[PDB]
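What follows is a set of notes on a single structure, which appears directly below.
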Amino acid sequence: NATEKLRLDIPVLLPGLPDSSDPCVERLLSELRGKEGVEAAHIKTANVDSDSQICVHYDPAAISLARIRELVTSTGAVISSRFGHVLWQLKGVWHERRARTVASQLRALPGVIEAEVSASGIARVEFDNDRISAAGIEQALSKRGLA
């Protein structure tokens, strides 16, 4: 109907995510859905993941294009600056069991949000840049593993 749509590429809003399933994408979308004038917001998936977009539908009687796009790009800027990610290949040999213990050690560090260690010791972490950095993550997992 009167609804208009705009799309932007995810890596443009949210540079340096492991994939488009990183919870930063959901943070962005759920925050946008809370704003007046947004009729919808959702991901448009690309086969090559870094060509995935967000698509936002808005009511141009409630909000101008300039203003909806600013809301999108600035909400993205704040999420992007606030949440860090490292995806590290740890040394040593892992098993469903062993990974699952170090998973909990990561969670318990002062600035970590989400943490997922697989078999073969690939650590997928997400962290609060105002509480901790990645150097501080490496130094804390230095004891056992490393990079």
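Residues in the structure tokens are named by chain (A, B, ... in the order shown) and by number from 1 within that chain; ligands are numbered from 1 in the order shown.
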
Please identify the strand (DSSP E or B) residues within chain A (assignment by DSSP from backbone atoms) and present them as a PyMOL selection string. chain A and resi 4-9+38-44+53-58+83-89+112-117+122-128

I'd like the contact shell of residue 39 (chain A) - 10 Å cut-off, only C-alpha atoms, skipping same-chain residues fewer than 3 positions apart - returned as a PDB file with N, CA, C and O atoms, in the first residue's frame.
```pdb
ATOM      1  N   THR A   3       3.118   1.762   2.221  1.00  0.00           N
ATOM      2  CA  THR A   3       4.392   1.292   2.757  1.00  0.00           C
ATOM      3  C   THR A   3       5.561   1.423   1.776  1.00  0.00           C
ATOM      4  O   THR A   3       5.438   1.069   0.604  1.00  0.00           O
ATOM      5  N   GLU A   4       6.688   1.945   2.253  1.00  0.00           N
ATOM      6  CA  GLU A   4       7.914   1.999   1.441  1.00  0.00           C
ATOM      7  C   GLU A   4       8.950   1.166   2.140  1.00  0.00           C
ATOM      8  O   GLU A   4       8.834   0.922   3.350  1.00  0.00           O
ATOM      9  N   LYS A   5       9.942   0.716   1.378  1.00  0.00           N
ATOM     10  CA  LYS A   5      10.983  -0.162   1.874  1.00  0.00           C
ATOM     11  C   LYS A   5      12.349   0.411   1.598  1.00  0.00           C
ATOM     12  O   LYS A   5      12.555   0.961   0.545  1.00  0.00           O
ATOM     13  N   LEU A  32      15.039  -1.801  16.127  1.00  0.00           N
ATOM     14  CA  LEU A  32      14.293  -1.057  15.101  1.00  0.00           C
ATOM     15  C   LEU A  32      12.809  -1.271  15.187  1.00  0.00           C
ATOM     16  O   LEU A  32      12.059  -0.336  14.934  1.00  0.00           O
ATOM     17  N   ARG A  33      12.371  -2.495  15.532  1.00  0.00           N
ATOM     18  CA  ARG A  33      10.952  -2.788  15.578  1.00  0.00           C
ATOM     19  C   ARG A  33      10.197  -2.012  16.664  1.00  0.00           C
ATOM     20  O   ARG A  33       8.985  -1.720  16.557  1.00  0.00           O
ATOM     21  N   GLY A  34      10.935  -1.664  17.695  1.00  0.00           N
ATOM     22  CA  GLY A  34      10.453  -0.822  18.743  1.00  0.00           C
ATOM     23  C   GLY A  34      10.255   0.643  18.438  1.00  0.00           C
ATOM     24  O   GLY A  34       9.685   1.322  19.292  1.00  0.00           O
ATOM     25  N   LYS A  35      10.679   1.131  17.259  1.00  0.00           N
ATOM     26  CA  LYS A  35      10.608   2.572  16.931  1.00  0.00           C
ATOM     27  C   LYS A  35       9.361   2.917  16.154  1.00  0.00           C
ATOM     28  O   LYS A  35       9.003   2.207  15.218  1.00  0.00           O
ATOM     29  N   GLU A  36       8.742   4.046  16.479  1.00  0.00           N
ATOM     30  CA  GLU A  36       7.549   4.473  15.755  1.00  0.00           C
ATOM     31  C   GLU A  36       7.795   4.625  14.226  1.00  0.00           C
ATOM     32  O   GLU A  36       8.845   5.034  13.797  1.00  0.00           O
ATOM     33  N   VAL A  56      13.728  -2.849   5.710  1.00  0.00           N
ATOM     34  CA  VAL A  56      12.903  -2.169   6.656  1.00  0.00           C
ATOM     35  C   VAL A  56      11.748  -1.554   5.902  1.00  0.00           C
ATOM     36  O   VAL A  56      11.953  -0.856   4.934  1.00  0.00           O
ATOM     37  N   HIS A  57      10.534  -1.830   6.361  1.00  0.00           N
ATOM     38  CA  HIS A  57       9.355  -1.269   5.818  1.00  0.00           C
ATOM     39  C   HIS A  57       8.892  -0.151   6.755  1.00  0.00           C
ATOM     40  O   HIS A  57       8.855  -0.302   7.977  1.00  0.00           O
ATOM     41  N   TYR A  58       8.549   0.981   6.172  1.00  0.00           N
ATOM     42  CA  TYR A  58       8.093   2.094   6.931  1.00  0.00           C
ATOM     43  C   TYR A  58       6.865   2.746   6.266  1.00  0.00           C
ATOM     44  O   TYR A  58       6.580   2.565   5.056  1.00  0.00           O
ATOM     45  N   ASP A  59       6.147   3.484   7.096  1.00  0.00           N
ATOM     46  CA  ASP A  59       5.008   4.314   6.710  1.00  0.00           C
ATOM     47  C   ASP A  59       5.507   5.734   6.465  1.00  0.00           C
ATOM     48  O   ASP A  59       5.811   6.462   7.417  1.00  0.00           O
TER      49      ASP A  59
END
```

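Closest to residue 118 (chain A) among A:147, A:134, A:38, A:87 is A:87, based on only C-alpha atoms.
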
Can you list, as a PDB file with C-alpha atoms, in the first residue's frame, every protein, DNA or RNA residue that comes within 10 Å of region 138-141 of chain A when you count only C-alpha atoms, leaving out same-chain residues fewer than 3 positions away?
```pdb
ATOM      1  CA  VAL A  86      36.656 -12.979  18.060  1.00  0.00           C
ATOM      2  CA  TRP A  88      39.754 -18.130  17.414  1.00  0.00           C
ATOM      3  CA  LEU A  90      42.569 -22.643  20.056  1.00  0.00           C
ATOM      4  CA  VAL A 102      36.082 -24.000  28.576  1.00  0.00           C
ATOM      5  CA  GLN A 105      35.122 -20.454  31.673  1.00  0.00           C
ATOM      6  CA  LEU A 106      34.626 -17.897  28.882  1.00  0.00           C
ATOM      7  CA  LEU A 109      34.833 -13.700  32.428  1.00  0.00           C
ATOM      8  CA  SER A 133      38.570  -6.397  25.051  1.00  0.00           C
ATOM      9  CA  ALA A 134      39.828  -9.301  22.911  1.00  0.00           C
ATOM     10  CA  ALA A 135      43.391  -8.850  24.247  1.00  0.00           C
ATOM     11  CA  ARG A 144      45.244 -22.974  28.783  1.00  0.00           C
ATOM     12  CA  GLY A 145      44.828 -22.228  25.053  1.00  0.00           C
ATOM     13  CA  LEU A 146      46.055 -19.478  22.729  1.00  0.00           C
ATOM     14  CA  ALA A 147      44.924 -17.886  19.423  1.00  0.00           C
TER      15      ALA A 147
END
```

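Closest approach to residue 130 (chain A) among A:30, A:117, A:84, A:89 is made by A:84 (distances from only C-alpha atoms).
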
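Shortest separation to residue 10 (chain A) among A:111, A:60, A:76, A:23 occurs at residue A:76, atoms counted being only C-alpha atoms.
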
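Note that the spacing between CA of residue 122 (chain A) and CA of residue 16 (chain A) amounts to 17.1 Å.
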
For residue 47 (chain A), work out the shell of residues within 12 Å, counting only C-alpha atoms and skipping chain neighbours fewer than 6 positions away, then give it as a PDB file with N, CA and C atoms, in the first residue's frame.
```
ATOM      1  N   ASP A  19      28.930 -14.295  11.044  1.00  0.00           N
ATOM      2  CA  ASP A  19      27.879 -14.544  10.064  1.00  0.00           C
ATOM      3  C   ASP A  19      26.651 -13.696  10.406  1.00  0.00           C
ATOM      4  N   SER A  20      25.644 -13.769   9.547  1.00  0.00           N
ATOM      5  CA  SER A  20      24.415 -13.008   9.717  1.00  0.00           C
ATOM      6  C   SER A  20      23.499 -13.609  10.784  1.00  0.00           C
ATOM      7  N   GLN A  53      21.015  -8.650   3.327  1.00  0.00           N
ATOM      8  CA  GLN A  53      20.576  -7.316   3.646  1.00  0.00           C
ATOM      9  C   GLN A  53      19.606  -7.289   4.814  1.00  0.00           C
TER      10      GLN A  53
END
```

Expected answer as a count of residues only: helix (DSSP H, G or I) residues in chain A: 57

Residue nearest residue 73 (chain A) among A:54, A:94, A:49, A:18 (counting only C-alpha atoms): A:54

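In this comparison, which uses only C-alpha atoms, the residue of A:99, A:41, A:78, A:115 approaching residue 129 (chain A) most closely is A:78.
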
Please provide the set of residues having any atom within 8 Å of residue 113 (chain A), restricted to only C-alpha atoms, with same-chain residues fewer than 5 positions apart removed, written as a PyMOL selection string. chain A and resi 107+125-128

What does the file look like for those residues with N, CA, C and O atoms, as a PDB file, in the first residue's frame?
```pdb
ATOM      1  N   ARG A 107      32.255 -17.713  29.474  1.00  0.00           N
ATOM      2  CA  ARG A 107      31.051 -17.051  29.998  1.00  0.00           C
ATOM      3  C   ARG A 107      31.298 -16.304  31.308  1.00  0.00           C
ATOM      4  O   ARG A 107      30.806 -15.188  31.484  1.00  0.00           O
ATOM      5  N   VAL A 125      32.937 -16.279  20.384  1.00  0.00           N
ATOM      6  CA  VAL A 125      32.578 -15.451  21.545  1.00  0.00           C
ATOM      7  C   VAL A 125      32.006 -14.085  21.106  1.00  0.00           C
ATOM      8  O   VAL A 125      32.226 -13.627  19.973  1.00  0.00           O
ATOM      9  N   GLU A 126      31.234 -13.472  21.995  1.00  0.00           N
ATOM     10  CA  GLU A 126      30.728 -12.123  21.792  1.00  0.00           C
ATOM     11  C   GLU A 126      30.865 -11.389  23.099  1.00  0.00           C
ATOM     12  O   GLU A 126      30.544 -11.951  24.146  1.00  0.00           O
ATOM     13  N   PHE A 127      31.343 -10.148  23.054  1.00  0.00           N
ATOM     14  CA  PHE A 127      31.665  -9.435  24.281  1.00  0.00           C
ATOM     15  C   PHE A 127      31.390  -7.933  24.293  1.00  0.00           C
ATOM     16  O   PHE A 127      31.352  -7.281  23.255  1.00  0.00           O
ATOM     17  N   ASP A 128      31.238  -7.411  25.511  1.00  0.00           N
ATOM     18  CA  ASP A 128      30.948  -6.014  25.776  1.00  0.00           C
ATOM     19  C   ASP A 128      32.254  -5.210  25.850  1.00  0.00           C
ATOM     20  O   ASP A 128      32.985  -5.277  26.838  1.00  0.00           O
TER      21      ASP A 128
END
```

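Distance check against residue 75 (chain A) using only C-alpha atoms: of A:91, A:27, A:44, A:100, the minimum falls on A:27.
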
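The space separating CA of residue 13 (chain A) from CA of residue 132 (chain A) comes to 22.3 Å.
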
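For the pair CA of residue 70 (chain A) and CA of residue 43 (chain A), the interatomic distance is 18.1 Å.
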